[PDB]
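Every number for a ligand or one of its atoms is a count from 1 in the order of the listing. Only heavy atoms go into these numbers, but all of them, side chains included; no hydrogens, no water, no symmetry mates. When a residue number appears, it is its place in the shown sequence, counting from 1.
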Amino acid sequence: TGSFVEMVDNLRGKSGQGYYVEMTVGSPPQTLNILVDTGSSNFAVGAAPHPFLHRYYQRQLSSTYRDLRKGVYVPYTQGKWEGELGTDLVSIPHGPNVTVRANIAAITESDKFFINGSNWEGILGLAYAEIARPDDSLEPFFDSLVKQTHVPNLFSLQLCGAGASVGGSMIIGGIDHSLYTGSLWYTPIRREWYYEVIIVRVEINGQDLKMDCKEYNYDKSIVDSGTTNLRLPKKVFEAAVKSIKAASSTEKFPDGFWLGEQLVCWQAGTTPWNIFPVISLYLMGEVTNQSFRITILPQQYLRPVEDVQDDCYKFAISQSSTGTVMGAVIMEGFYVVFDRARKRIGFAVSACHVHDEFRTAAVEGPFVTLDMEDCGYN
Ligand SMILES: C[C@]1(c2cc(NC(=O)c3ncc(Cl)cc3Cl)ccc2F)N=C(N)CO[C@H]1C(F)(F)F
């Protein structure tokens, strides 16, 4: 670890929208805001006008553009885009001070992909080539950056979040000691596709959810800066909501609150954080039979929703059909180290996380936990 002073505070976002970093593409450099997504593996940028884009990548104005003469078509569950592959020179101005040639998906058509008012014009997929489109031979941006420079094979994310635009830091090539307090605890990257991890125990205010730990990782668990919610498999979600309801029973909320469909509001400044429980996930450690525990607050899983005398919030723990997703609701408590070189993900208490005078997010260990390999879904 050390000081990476140029990359501190290089992330921005609209509350409720994703975190982006400024990048440049082409010669002379064209500036774009790029969504930071550890849940995907393509670098793709708007490259034709769109009602939601106020600027885009103009290939004909870049002397260093090279046309791969191949298309790429990418449908998601919600939304889709189509693009033309090529390469160009790419920099991150508040970044590692190096310029690399990378594959770029130039997006020429799209539907429900760009978000009105989000202020980003492309997406930086930071996961591994296995899930790149159209196939794993399309080298992702971070793979190219490391191969072409001496940047260490690691990046770290501090997503700060709101209580006003949000901010944070993406440290490319290192770990900035000023962005966390306490110890960094590492969990193995189980497999290099998404950033897949293994959860071995779940507590609500210290009360064990008491499920077969395989349920926590069915069919996977990933760390995803491109998702807001903490998303839990159906059986785990139902158990967690029941327990969170009971711990907060001093106040009653309509069923639609717990489904994320309705806001809950309190008089400005009187949100009763202390009646809601903390949520702890225990992650497999690097040592045989050891785990560690990360703990978030209601300040993370109750999302502020602004509107021009009340503070109103949406519940941001929701049901998944594709395994656990540790999204911004998890990441905003922590400084998260994606240590690709050593195949591990580090968590430490974030120096910017939102909390109150009496409770803080936490990272603690070690805990004796047996048969942790049985928690992984084959
Ligand atoms: C590819 C994908 C994706 C994610 C986003 N994320 C956001 O906009 C966002 N990010 C962070 C926060 Cl805090 C809030 C928001 Cl609202 C946007 C476009 C996009 F294409 N990446 C994922 N990891 C999961 O969703 C995927 C899906 F395609 F299905 F949308």
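Close approach of ligand 1 to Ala328 is summarised as follows: ligand atoms under 4.0 Å from at least one heavy atom of the residue are 13 (Cl). Interface of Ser225 with ligand 1, defined as ligand atoms under 4.0 Å from a residue heavy atom, comprises 10 (N), 11 (C). When each atom of ligand 1 is checked for a heavy atom of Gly39 under 4.0 Å away, the hits are 23 (N). Those atoms of ligand 1 that come under 4.0 Å of a heavy atom in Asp224, given as number and element, are 22 (C), 23 (N), 24 (C).
By the definition of a contact as any protein heavy atom under 4.0 Å away, atom 26 (C) of ligand 1 is not in contact.
The aromatic rings of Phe338 and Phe155 lie parallel to each other, their planes meeting at an angle below 30°, with 60° marking the opposite boundary. Below 30°, between 30° and 60°, or above 60°: for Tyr313 and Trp273 the angle between ring planes is above 60°, a perpendicular geometry. Under the 30°/60° scheme for interplanar angles, the aromatic rings of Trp258 and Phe315 are found to stand perpendicular.
Among all protein heavy atoms, the one lying closest to atom 15 (C) of ligand 1 is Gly18 N, 3.5 Å. Taking atom 13 (Cl) of ligand 1 as the reference point, the nearest protein heavy-atom neighbour is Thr228 OG1, 3.4 Å.
With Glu121 as the fixed residue, the side chain to side chain donor-acceptor pair (under 3.5 Å) test singles out one of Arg55, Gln30, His54: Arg55.
Using a 4.0 Å cut-off between charged side-chain N and carboxylate O, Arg59 and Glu84 make a salt bridge.
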